[PDB]
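Protein chains in written order, with the entry's author numbering: chain za, 10 to 211; chain va, 2 to 129; chain cb, 1 to 76; chain fb, 44 to 257; chain xa, 15 to 84; chain db, 2 to 96; chain qa, 2 to 120. Written out below as structure tokens is the structure these notes cover.
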Amino acid sequence: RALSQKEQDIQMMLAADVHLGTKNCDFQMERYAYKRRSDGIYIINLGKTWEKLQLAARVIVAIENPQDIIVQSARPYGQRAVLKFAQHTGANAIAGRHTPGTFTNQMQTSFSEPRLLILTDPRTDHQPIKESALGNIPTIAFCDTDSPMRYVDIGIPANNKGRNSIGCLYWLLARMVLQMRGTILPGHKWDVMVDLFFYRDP
Amino acid sequence: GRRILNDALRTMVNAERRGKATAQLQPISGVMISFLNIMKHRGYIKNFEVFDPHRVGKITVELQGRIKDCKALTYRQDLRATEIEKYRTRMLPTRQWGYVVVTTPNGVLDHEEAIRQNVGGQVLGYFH
Amino acid sequence: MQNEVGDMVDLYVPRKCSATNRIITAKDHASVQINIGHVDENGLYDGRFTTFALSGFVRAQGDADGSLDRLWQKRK
Amino acid sequence: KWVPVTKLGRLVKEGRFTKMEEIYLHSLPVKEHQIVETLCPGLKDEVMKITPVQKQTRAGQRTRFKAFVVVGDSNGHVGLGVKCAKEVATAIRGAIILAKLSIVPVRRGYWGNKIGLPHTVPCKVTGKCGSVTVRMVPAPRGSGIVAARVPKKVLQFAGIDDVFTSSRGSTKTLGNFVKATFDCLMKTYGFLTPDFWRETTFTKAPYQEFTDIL
Amino acid sequence: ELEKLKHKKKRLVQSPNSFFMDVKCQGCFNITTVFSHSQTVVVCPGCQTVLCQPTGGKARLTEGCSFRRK
Amino acid sequence: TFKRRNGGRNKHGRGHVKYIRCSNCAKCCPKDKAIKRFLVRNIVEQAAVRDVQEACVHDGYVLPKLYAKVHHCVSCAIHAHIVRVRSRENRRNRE
Amino acid sequence: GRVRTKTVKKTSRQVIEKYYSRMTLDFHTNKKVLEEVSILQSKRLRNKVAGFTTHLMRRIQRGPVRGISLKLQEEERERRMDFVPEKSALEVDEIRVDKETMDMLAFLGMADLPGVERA
RNA sequence: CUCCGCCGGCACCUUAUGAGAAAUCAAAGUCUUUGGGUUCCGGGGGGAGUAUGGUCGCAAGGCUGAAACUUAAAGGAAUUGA
Ligand SMILES: [Mg+2]
Ligand SMILES: [Mg+2]
Ligand SMILES: [Mg+2]
Ligand SMILES: [Mg+2]
Ligand SMILES: [Mg+2]
Ligand SMILES: [Mg+2]
Ligand SMILES: [Mg+2]
Ligand SMILES: [Mg+2]
Ligand SMILES: [Zn+2]
């Protein structure tokens, strides 16, 4: 036999260092930390990572109008990753600094009423999390072993500090959504190469 | 420095306010168990389970998120079946829900059972 | 709630949090309602989904995430 | 005229709601007072207090007038608005709009016997703002509203006909006193009664219902 | 598990951490029952060799002391 | 109003702490409240190090350093600018 | 004292945007070019604006630049960004992982898997 | 000396879902949805910890401790200015 979709994913995530957590583990994140190394760096349970990507994917696909989902990254590594992720699901990409007030302030030129919000890291993308808590906006976030999980509905346990990890997760997430929508047939061949998501340093 | 059934009921409220699934009650007693039966038959708690390693003994209660408050009235008054009405109004949220548990010589029971059986007794607590 | 004549007299029966059974009120703007899509067969989606509501109390605590995970573990 | 800037204001303008309770059901924030003023037809406002507050400046002291406006229809909706602006008339205008935005539903009950139209608050409820706390107790039909002038005004707009009231703290600070009553009346849906014990049946929100229109 | 981590009495059911153990020396292949937390110097009655050393915790076995929990 | 949480000194579990004499004015202040700097200085500023190493007869003599631990009271520490009035928000930084 | 204010700064960026190729490095040609793409009320202000378009276009001609979005520059950053290598550099031939990572793989049931080896 | 766990201490940091007039407080929390046990103590500001009686002390003083009268504020936390 060959590998299932899960196993190809675990192979890819294990190649992207997605399992590598940080030195700390938040008490809310401990339900995913499989164990701790002698170096003291925790290990993320890649098993649990997979269903949360599936859980996140089922939430995404039920959003009937994708332009009404927003995806964001404060850090520079997630810029190219989230920009392409939006290009393929139809979401709305907001890369860089978030203008404070874009979910609460209705007279602001930039303004929105998203039904779903996907964030690269709660610790660096704190401001949109705090804003979505004022607008009944549910939240999806990639959470490292020390991400503060306040106002976060679906936290995917995953390395979100790495150049390869961030782009790998979004590529892997965008794949799962397209399958459910039917734009990609059964049969994992998705000719969009994974390296497209990793950003380029000029 | 212990006076139990305050420790038990305050543990449940604190567990409930947080929204927990189960509570542990380290000292238990027959009085405390009979209070939980009254709570349970009225629908404010799920089942619960006694632990016997020997001792006063432990009990774990499973909470269903629909008890609002449960209190003990230490300094247990005597309560004729005639002033039930005055303790009802002071201590209960309204004339529609909520129960005052009174220990009476026909057993521990809620103030509703007390009127039907026409017994007064000594107040233990209330829940609603 | 119900008149003792038969009529129901409340306006707005509220939602309750699916994780804590707390009432979700009109001004609880931290509350969220999630729709989890159902995948069925080839293609893997039709317009069937499960709806859960989360209290603003639960999200502020941080255990919104753990509750959704433990709530989505139901089989049907 | 209107030209809405929010999804909800848009959906209200096409004429795709009947009442505020669909919005209340899913806890949407109301950011345009045009929404409430069509959905609640018989909505009555009123100024209760006009207060001047001052800050000290090198030149002198700049007065500002802060207005307290209570709005609501006397069958279960009230709002409270407060706004400070340099001129009294414009202070009231902002106060009306802030009040209409804040409309909340108020549930009622019966004193003892669930007969006829509900008239009191259902159960004991209390609210706190600052040092002032207001208590409300159910009253037999036709006890009247026994309360001070400030909370009595709020309750007539709420449609409550009978209630026993208490207070604590400095009620002479009319700001905290009117507001704590509003907190009391707001959270009457906060109380999980046995009649609400049934599992809730969910429905899609407006932002998921009228997706195609958006 | 972690019930072996929680404090002796804070466990769901109280249980002692201590145990009893059979110790054999080299100059007298007899078998001696000792307590894991002895508090008393115990000499095997046969050869008279000291067999345990009390401390603030578990009794200390010495050079040439095989033991088996029982 | 309570300006500080520690009360202006480090004293927990203790009842009494022995005082010290300020270097500048000799005001008595407790050892856990004083401003204590360990100063490591040179016998001569770098203006006059070469023209004093030109005079050392033995090659390789490194000029010794004066070691001292200087104590100050609050008023002398403020007046000399060893510590400054900080903002309310910066009052809590101990680095 | 010759700090250029908002009007000179804002117009200078904006005027380059609408007309980039049409400009040059000559201040006087830039002054003349600026004369026939706008209506202004003082020649002193014109030279100030043309003064902030001349060297600004060195720093544009030299490197990148802030809010001003140049088409020939901003397409080509996008064109070079929409790029992929000859195949995925994230390859799965050799994934060297620590024992406690393998222990996780075992707990998942995947102790044996392509290309994973203890160190 | 390095890592992990338990118990008991002196504290610290981050945060409310909490409380508070607030400053702040993980105990000043589990309070009008008000009840674990118990001791001491306050009732606008002064007069006043004064007078007097008692009592303890070598003394200095300690403990107990009013009244007549007077007065609309005194006071607490925080804000803007100067
Ligand atoms: Mg001061
Ligand atoms: Mg000590
Ligand atoms: Mg002292
Ligand atoms: Mg310790
Ligand atoms: Mg008094
Ligand atoms: Mg007095
Ligand atoms: Mg004082
Ligand atoms: Mg003051
Ligand atoms: Zn000094």
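By construction, the Cβ of each residue, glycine as well, lies at the ideal position given by its N, Cα and C atoms.
Counting along the chain, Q33(cb) sits inside the beta strand (DSSP E) bounded by residues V32 to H38. Shown here, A191(fb) sits in coil according to DSSP, grouped into three states, outside any helix or strand.
Looking at the DSSP output, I165(za) shares a beta bridge with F151(za). Setting aside the 5 residues that flank it on each side, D33(db) is surrounded in the same chain by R10, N11, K12 and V18, each with a C-beta closer than 7 Å to its C-beta; the list follows chain order. In this chain, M179(fb) is not harboured by any alpha helix (DSSP H); it is covered by the beta strand (DSSP E) spanning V175 to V180.
Residue-level contact by beta carbon fails for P148(fb) and chain za, as no gap is shorter than 9 Å. Looking at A51(qa), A120(qa), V4(qa) and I17(qa), the one whose alpha-carbon comes closest to that of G68(qa) is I17(qa). Near chain qa, meaning a CB-to-CB distance below 7 Å, no residue of the region 178-199 of chain za qualifies. For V121(fb), the enclosing beta strand (DSSP E) has its first and last residue at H120 to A128. As DSSP reads the structure, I103(za) sits in a beta bridge with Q81(za).
Within chain cb, the residues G62, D63, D65 and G66 have their CB atoms less than 8 Å from the CB of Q37(za), given in chain order.
Nearest CB-CB separation between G68(qa) and chain za: not below the 9 Å threshold. Within the region 50-80 of chain qa, not one residue has a Cβ closer than 7 Å to any Cβ of chain za. In the three-state reduction of the DSSP assignment, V62(va) falls in the strand class.
Counting along the chain, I53(za) sits inside the beta strand (DSSP E) bounded by residues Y51 to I53. Three or more beta-carbon pairs separated by less than 8 Å are not found between the region 89-97 of chain za and the region 41-56 of chain za, which leaves the two stretches without contact.
Counting only residues of its own chain and dropping the five nearest sequence neighbours on each side, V9(qa) has a CB closer than 6 Å to the CB of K49, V50 and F53.
Chain order gives the chain fb residues near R124(za) as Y250 and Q251, where near means a beta carbon separation below 8 Å. Relative to ligand 9, the beta carbon of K34(db) is positioned no closer than 8 Å to any heavy atom. Rounded to whole angstroms, the gap between the alpha carbons of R78(qa) and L71(qa) is 10 Å. DSSP places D7(cb) outside any beta strand (DSSP E), giving it a letter other than H or E. Here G122(va) carries a strand assignment [DSSP, helix/strand/coil]. Contact with chain cb is found for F239(fb), since one of that chain's Cβ atoms lies less than 9 Å from the residue's Cβ.
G144 and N145: these are the residues of the region 133-151 of chain za whose beta carbon lies less than 7 Å from some beta carbon of chain fb, given in chain order. The Cβ-Cβ distance between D162(za) and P147(za) falls below 9 Å. With a 10 Å radius around the Cβ and a threshold of 16 neighbouring Cβ atoms, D10(cb) comes out buried. Contact between the region 78-89 of chain va and the region 14-25 of chain va is absent, with fewer than three C-beta pairs closer than 8 Å. Here DSSP, grouped into helix, strand and coil, assigns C58(xa) to coil. Contact note: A24(za) reaches chain qa through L91, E92, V93 and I96, using a C-beta cutoff of 8 Å and chain order. The alpha carbon of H29(qa) has as its nearest neighbour, out of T55(qa), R5(qa) and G110(qa), the alpha carbon of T55(qa). DSSP lists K16(cb) as the beta-bridge partner residues of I23(cb). About 18 Å separates the Cβ atoms of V112(fb) and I78(fb), ruling out a contact at the 8 Å cut-off. Contacts between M103(qa) and chain za, judged by CB atoms closer than 9 Å, are missing: the closest CB pair is about 10 Å apart. At a cut-off of 9 Å between C-beta atoms, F57(cb) counts as an interface residue with respect to chain va. Contact residues of the region 99-126 of chain za toward chain fb are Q115, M116, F120, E122 and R124 (C-beta to C-beta distance below 8 Å).
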